[PDB]
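The block underneath contains the structure these notes are about, expressed in structure tokens.
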Amino acid sequence: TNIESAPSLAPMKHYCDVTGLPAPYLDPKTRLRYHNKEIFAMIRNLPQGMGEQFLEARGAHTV
Amino acid sequence: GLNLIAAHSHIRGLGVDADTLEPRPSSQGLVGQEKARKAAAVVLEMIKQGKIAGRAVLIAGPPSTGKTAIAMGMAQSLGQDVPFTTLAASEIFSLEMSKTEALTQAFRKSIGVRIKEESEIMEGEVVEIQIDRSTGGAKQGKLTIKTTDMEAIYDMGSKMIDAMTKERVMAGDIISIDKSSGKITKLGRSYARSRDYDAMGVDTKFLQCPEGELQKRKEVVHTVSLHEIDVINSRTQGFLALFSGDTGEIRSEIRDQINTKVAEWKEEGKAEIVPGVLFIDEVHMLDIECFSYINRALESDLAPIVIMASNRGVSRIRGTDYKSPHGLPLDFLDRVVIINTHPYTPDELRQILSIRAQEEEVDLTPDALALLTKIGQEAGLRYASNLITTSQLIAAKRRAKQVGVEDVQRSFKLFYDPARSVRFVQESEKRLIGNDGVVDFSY
Ligand SMILES: Nc1ncnc2c1ncn2[C@@H]1O[C@H](COP(=O)(O)OP(=O)(O)O)[C@@H](O)[C@H]1O
């Protein structure tokens, strides 16, 4: 009766919000997950509206 | 530093042309002994090549003819790539273990097991540590770390929060974390945070932030000897005996198991075997039981090359009552090739004294070097080399910047050479206590 959806309890893997490659790192400032220093450089250089789009592509938002 | 100037400090290698094994007339701090240096370089080549097991080489020659120098030159020209064990033959007369056991451990020390491994290491400056310690502790906490190139925040598991509190990790600390163990080493304090370290004294050093990625695989090449594996397996903290001593006689079946396992690791490709050198200085201090053991220890597949030095002529073998060349039994000498060191010519003494006068901070005037060379011919290389230090100290007492003949003459007058010391003894035989115990104390 639309009570057929199911949550999950397993710990989820971490992927880079930009390249989708695995992400060891979560940026404390913009909260984007990122693969390496090259992508961290881009992420900190993004246009101010773009950071919220990378979050929103995985349904996340900063506020 | 903690290394002072010592008798061999000028030896930087073997001084041989690596392309041809031609000894250069002098280089790397060795002078002359060219044929002996060529032979030691051929030994050095087959040490590095590893394919040949349990050959023994004796370096034979009069005292001060550079036998230890050539041994030190080989050690300096092998470096860390190959195990190099130095044994004075006096050392095996342990009270803890039989001398064949002591001599076994020396052979085991001279074979390396080379093991290559990786770990992810995380390294950076701590931007923050938050730990709630919510009555109990270590409940939850977050770590922020930066390099010059990245910043990241981490939720910490509770046994990592224990590690962080155990190491009193603080904002501004530069740390490395080995992830699989979870140990934290504080590499230093970041300079930008210096003012927060109000408890640290002014003697404290500071560092720049780490550079590049926070995390990378760092690969370590361990080399561990067969002796270390033997001792590790002896008891529940067997390695702890690698330091204090207090290894017993390690049981033969432990060694036999380890030899099989190391052959498995080789065949599995997990490890490589790196045969080293055992150098036995003044090997004639060994006795006839030792030589009988060595004869068959050399036939093992896991035997190093053994290099030996003897001052002795035809001399009494220890633990028996007959004489043989070098003081070594002929059945042992049948297993050994011999390198001879010859006496030095006056110009080679001059060069060695010059090198020794460079290794100590000494200026020799040209006449002082000529006189020390003359003393070297007359009284031996070692004595003239000890007059170098003495003359500099006398020159400094008279505040001279260079050592002059006057300083060498004071040295020669104040300190007797071995021959004048013997002549002094041969004159004073009534005042010196004789082999009969007799002595006269009257004037
Ligand atoms: N060919 C050489 N080149 C440079 N230094 C040498 C040479 N031969 C001997 N020496 C030095 O002279 C001293 C005595 O020689 P050493 O090697 O101790 O002789 P031995 O070990 O045969 O008594 C040592 O300090 C050594 O470094």
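No hydrogens, no waters, no symmetry mates; every other heavy atom, side chains included, goes into these values. In what follows, every chain begins at residue 1, and chains take the letters A, B, ... in the order their sequences are listed.
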What's the spacing between B/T148 OG1 and A/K37 NZ if we round to 0.5 Å? 8.0 Å
Tell me whether the count of non-hydrogen atoms from other residues, nucleotides or ligands lying under 6.0 Å of NZ in B/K183 goes above 12. no
Is the count of non-hydrogen atoms from other residues, nucleotides or ligands lying under 6.0 Å from B/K48 atom NZ greater than 12? yes
So for atom CZ, which belongs to B/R195, do other residues, nucleotides or ligands contribute more than 12 heavy atoms lying within a distance under 6.0 Å? no
Report, as yes or no, whether the 6.0 Å neighbourhood of atom CD on B/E118 holds more than 12 heavy atoms from other residues, nucleotides or ligands. yes
Whether over 12 other heavy atoms sit under 6.0 Å from B/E219 CD: yes
Does a donor on one side chain and an acceptor on the other come within less than 3.5 Å for A/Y25 and B/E151? no
State the CG-CD distance between A/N36 and B/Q215, to the nearest 0.5 angstrom. 12.0 Å
Give, for atom CD of A/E38 and atom CD of B/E213, the distance between the pair rounded to the nearest 0.5 Å. 10.0 Å
A/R33, part contacting chain B, at a heavy-atom distance under 4.5 Å: neither
Grab the two heavy atoms, one from B/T144 and one from A/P28, that are nearest each other, plus how far apart they are. CG2-CG, 4.1 Å
